[PDB]
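Peer 1: I have a structure I would like to understand better, so I am pasting it below and will then ask my questions one at a time.
Residue numbers (the numbering used here), protein chains in the order written: chain A, -13 to 290; chain B, -15 to -10.
Laid out in structure tokens, this is it:
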């Protein structure tokens, strides 16, 4: 079985490279962040532009949704995160304390916490209600490229250019596992599988790997794409067939069979590096977005 | 920025 993703919409409006797209948990919305300092909200099914959210003083590298789809958090080169009320567009809180660019962010499932990663080599855990920093983890010895909570929020996984993935106990901030592999290539992305048992990690040697968190073992590797320079988002697709989805520096979206590791589809149409992909929570829909020469977001639909 | 190469 192979998917048949086809282009449905191209969404234009960002005036610089797009950095990150994410579907709302309720499936209604796509949020996008950009080097142009803006967040934009779009209808997930009709592609209709809904609104622009502004206030950061420099570009935004990441954005993430609360579980109830009512809040957004953004990570910016202005060294802050911001918490936004989506319906009003207002900045509820500015999270201050990182000493360099904030690169990555995520809510926990309860959505009382935010985790952030920075070029300052730290991971920070923040209280949503007060905006205070609860914990600073001395997580890595190089920029932190990704941070993600597991399905109940008890664990954080982080990745770094230092070549490590680390698993942290949320409650205590203590490191539970370090993933190392061979020649330590920079790790550009990491995230938990939906069941929380596996971790998907990208390295800047054109490689994706699936790790069993319990065992410390690599189970699958995925290759054929181009990834040497950028921190590109990758995904588990679970609404139909079980795929791995990733952007690529050859301007394509790559889709693999998770079990067999065979490439099952490449989505053509972007005209610059595909820096971000996202998988819709219930429909077989992919959102992709590209860098400077393109600046658009594409929505794609498949029967499986 | 994520939009700049390493």
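Beta carbons: idealized from backbone N, C-alpha and C, even for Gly.
Under 9 Å between beta-carbons, which chain B residues line up against residue 21 of chain A? List them in chain order, please.
Peer 2: If you number the first chain from 1, residue 21 of chain A lands on position 35. Going along chain B in sequence order, the residues near residue 21 of chain A (Cβ under 9 Å) are -15, -14, -13, -12.
Peer 1: Enumerate in chain order the residues of its own chain whose CB-to-CB distance from residue 106 of chain A is below 6 Å, with the five nearest sequence positions on each side excluded.
Peer 2: Position 120 of the first chain, counting from 1, holds the residue named residue 106 of chain A. Within the same chain, residue 106 of chain A has close Cβ partners 84, 85, 86.
Peer 1: Since residue 119 of chain A sits in a beta bridge, which residues does DSSP pair it with?
Peer 2: What you label residue 119 of chain A is simply residue 133 of the first chain in a count that begins at 1. A/112.
Peer 1: Going by other Cβ atoms of all chains shown within 10 Å of its Cβ, with 16 needed for buried, is residue -10 of chain B buried or exposed?
Peer 2: Residue numbering aside, residue -10 of chain B sits at position 6 when the second chain is read from its first letter. Per the 10 Å Cβ criterion, exposed.
Peer 1: Could you give the residue range of the beta strand (DSSP E) that holds residue 46 of chain A?
Peer 2: Stepping through the first chain from its first residue, residue 46 of chain A is reached at position 60. Counting along the chain, the beta strand (DSSP E) containing residue 46 of chain A begins and ends at 46 to 51.
Peer 1: If the cut-off is 9 Å on Cβ atoms, which residues from the segment 146 to 159 of chain A count as contacting chain B, listed in chain order?
Peer 2: If the cut-off is 9 Å between Cβ atoms, the segment 146 to 159 of chain A has 147 near chain B.
Peer 1: Within the continuous beta strand (DSSP E) that includes residue 146 of chain A, where are the two ends?
Peer 2: Looking up residue 146 of chain A in the first chain gives position 160. Taken as a continuous stretch (DSSP letters only), the beta strand (DSSP E) holding residue 146 of chain A covers 141 to 146.
Peer 1: Tell me, please, whether the segment 194 to 213 of chain A touches the segment 31 to 49 of chain A by the rule of three or more beta-carbon pairs shorter than 8 Å.
Peer 2: Judged by Cβ distances under 8 Å, the segment 194 to 213 of chain A makes no contact with the segment 31 to 49 of chain A, as fewer than three pairs qualify.
Peer 1: With a threshold of 7 Å on Cβ separation, who are the neighbours of residue 128 of chain A within its own chain once the five nearest residues in sequence on each side are excluded?
Peer 2: In the first chain, the residue the question calls residue 128 of chain A occupies position 142. So the list reads 107, 146, 147, 148, once near-sequence residues are dropped.
Peer 1: Going by C-alpha distance, which of A/229, A/269, A/282 is nearest residue 262 of chain A?
Peer 2: The residue labelled residue 262 of chain A in the question sits at position 276 within the first chain. Checking every option, the nearest Cα to that of residue 262 of chain A belongs to A/282.
Peer 1: Is there a Cβ of chain B sitting closer than 8 Å to that of residue 265 of chain A, yes or no?
Peer 2: What you label residue 265 of chain A is simply residue 279 of the first chain in a count that begins at 1. No, residue 265 of chain A does not count as interfacial toward chain B.
Peer 1: Counting only runs of 3+ residues fully inside the segment -6 to 61 of chain A, write out the beta strand (DSSP E) ranges in chain order.
Peer 2: Qualifying beta strand (DSSP E) stretches, in chain order: 4 to 9, 15 to 20, 25 to 29, 35 to 39, 46 to 51.
Peer 1: In whole angstroms, give me the CA-to-CA distance for residue 16 of chain A and residue 60 of chain A.
Peer 2: As a working note, residue 16 of chain A is residue 30 in the first chain. As a working note, residue 60 of chain A is residue 74 in the first chain. So the alpha carbons of these two residues sit roughly 14 Å apart.
Peer 1: Buried or exposed: residue 246 of chain A, going by 16 or more other Cβ atoms within 10 Å of its Cβ?
Peer 2: Residue mapping note: residue 246 of chain A aligns to position 260 of the first chain, counting from 1. By the 10 Å Cβ count, residue 246 of chain A comes out exposed.
Peer 1: Please classify residue 77 of chain A: does DSSP put it in a helix, a strand, or coil?
Peer 2: As a first step, residue 77 of chain A is located in the first chain; it is residue number 91 there, counting from the start. Strand at residue 77 of chain A.
Peer 1: Using three-state DSSP, classify residue 265 of chain A as helix, strand or coil.
Peer 2: Working through the first chain from its first residue, we reach residue 265 of chain A at position 279. Strand, per DSSP.
Peer 1: Rounded C-beta distance between residue 166 of chain A and residue 176 of chain A? I'm assuming under 8 Å.
Peer 2: Numbered from 1 along the first chain, position 180 holds the residue referred to as residue 166 of chain A. Numbered from 1 along the first chain, position 190 holds the residue referred to as residue 176 of chain A. Not quite, the Cβ-Cβ distance comes to about 13 Å (not below 8 Å), so this is no contact.
Peer 1: Any beta carbon of chain B sitting closer than 8 Å to that of residue 175 of chain A?
Peer 2: Residue mapping note: residue 175 of chain A aligns to position 189 of the first chain, counting from 1. So no, residue 175 of chain A is outside the interface.
Peer 1: First and last residue of the beta strand (DSSP E) that includes residue 251 of chain A?
Peer 2: The count along the first chain starts at 1 and reaches residue 251 of chain A at position 265. Residues 249 to 253.
Peer 1: Decide if the segment 86 to 97 of chain A is in contact with the segment 70 to 77 of chain A; the criterion is three or more beta carbon pairs, one per stretch, under 8 Å apart.
Peer 2: As far as the Cβ criterion goes, the segment 86 to 97 of chain A does not touch the segment 70 to 77 of chain A, which means the pair count is below three.
Peer 1: Taking only three categories from DSSP, how would you classify residue 201 of chain A?
Peer 2: Sequence index remark: in the first chain, residue 201 of chain A carries index 215 (1-based). Residue 201 of chain A falls in the coil class under three-state DSSP.
Peer 1: If contact means a Cβ-Cβ distance below 9 Å, which residues of the segment -12 to 9 of chain A contact chain B?
Peer 2: Listed by position, the residues of the segment -12 to 9 of chain A near chain B (Cβ gap below 9 Å) are 2, 3, 4, 5, 6.
Peer 1: What does DSSP give as the partner residue(s) for residue 89 of chain A in the beta ladder?
Peer 2: The sequence position of residue 89 of chain A within the first chain is 103, counting from 1. DSSP lists no partner for residue 89 of chain A.
Peer 1: Look at the alpha carbon of residue 271 of chain A and the alpha carbon of residue 32 of chain A, and state the distance between them as a whole number of angstroms.
Peer 2: The residue given as residue 271 of chain A occupies position 285 in the first chain. The residue given as residue 32 of chain A occupies position 46 in the first chain. Near 12 Å, if we compare the C-alpha coordinates of residue 32 of chain A and residue 271 of chain A.
Peer 1: Strictly below 8 Å CB to CB, what residues from chain B border residue 91 of chain A?
Peer 2: The count along the first chain starts at 1 and reaches residue 91 of chain A at position 105. Neighbours of residue 91 of chain A on chain B: none; closest Cβ ~12 Å, over 8 Å.
Peer 1: Just the C-alpha distance for residue 260 of chain A and residue 189 of chain A, rounded to the nearest angstrom, thanks.
Peer 2: Walking along the first chain from the start, residue 260 of chain A turns up at place 274. Walking along the first chain from the start, residue 189 of chain A turns up at place 203. Their backbone Cα atoms lie some 16 Å apart in a straight line.
Peer 1: For residue 13 of chain A, I'd like the list of residues in its chain whose CB is within less than 8 Å of its CB, leaving aside the five on either flank, ordered along the chain.
Peer 2: Reading the first chain from its first residue, position 27 is the one you call residue 13 of chain A. 30, 266, 267, 268, 269.
Peer 1: Can you pull the chain B residues whose beta carbon is under 9 Å from the beta carbon of residue 63 of chain A, in chain order?
Peer 2: Taking the first residue of the first chain as 1, we reach residue 63 of chain A at position 77. The answer, in chain order, is -15.
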